[PDB]
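Below are the chains, spelled out letter by letter.
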Amino acid sequence: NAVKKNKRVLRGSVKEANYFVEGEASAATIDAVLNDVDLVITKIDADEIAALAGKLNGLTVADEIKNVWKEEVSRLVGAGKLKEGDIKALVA
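Numbers given to residues start from 1 along each chain, in the order its sequence is written, and need not follow the entry; residues that have no coordinates are not shown. Hydrogens are left out, water is left out, and the side-chain values use all remaining heavy atoms of the structure.

Structure determination for this PDB entry is given in the record as X-ray crystallography, at a resolution of 1.300 Å.

A.B. asks: I'd love a proper account of the environment of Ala32, names of residues and values included.
C.D. replies: Along the polypeptide, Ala32 turns up in helix α2 (residues 27-43). Type-normalised accessible area, obtained with a 1.4 Å probe on protein chains alone, sets the label of each residue: buried when under 20%, exposed when over 50%, and partly exposed for intermediate values. Overall, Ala32 belongs to the buried group, its relative accessible area being 15%. Along the primary structure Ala32 and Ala89 are separated by 57 residues, whereas in three dimensions their C-alpha atoms are 6.1 Å apart. By definition, residues are in contact when any of their heavy atoms lie within 4.5 Å. Contacts of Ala32, omitting those with residues within four sequence positions, involve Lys88 and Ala89. The secondary structure listing takes helices from DSSP runs of H or I that are at least 4 residues long and strands from runs of E that are at least 2 residues long, numbered from the N terminus.

A.B. asks: Provide a residue-level description of α2, including the pertinent values.
C.D. replies: Here the expected span of a helix is defined as 1.5 Å times the quantity of residues minus one. With 17 residues, α2 extends 24 Å between its outermost C-alpha atoms, agreeing within 8% with the 24 Å of an ideal straight helix rising 1.5 Å per residue. Restricting attention to buried positions, one finds in α2 the residues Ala32, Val33, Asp36, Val37, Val40 and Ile41. Buried residues in α2 make contact with α1 (2-16), α3 (46-56) and α4 (62-78).

A.B. asks: Go over α4 with me, naming the residues and quoting the values.
C.D. replies: Because an α-helix completes one turn every 3.6 residues, residues spaced three or four positions apart along the sequence face the same direction. For α4, spanning 17 residues, the distance from its first C-alpha to its last is 24 Å, which sits close to the expected 24 Å at 1.5 Å a residue. All of the buried residues along α4 are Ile65, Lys66, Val68, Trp69, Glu72, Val73 and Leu76. Axial view of α4: buried residues confined to an arc of 155 degrees, hence all on one face. Away from its buried face, by an angle of more than 90 degrees, α4 presents the exposed residues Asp63, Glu71 and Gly78. Looking at the buried positions of α4, the neighbouring elements they touch are α1, α2 and α3. Taken from the residues just after α4, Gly80 is the one with a positive phi, measuring 80 degrees. Here the arc refers to the set of directions running from the helix axis out to each C-beta atom.

Following this line, the structure appears as structure tokens:
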């Protein structure tokens, strides 16, 4: 369904961004970034997932993708849904 497709957009975006590193991303880097993505996803409902997917859809620039994630994390921290140190690599 829609939320299934939209979660794929979210998870795919960080692979498109090469996990925000240069060259070949290590297992540790991949784990860290995708763990952060998964954690964000557990905090947001289908409407929020759709909105975020719409912002990520079609982006190709790694830094721009990262900025969209940083924006979402800041929204969630302000909403009291995440705490400062919960998300690491994704917003570095």
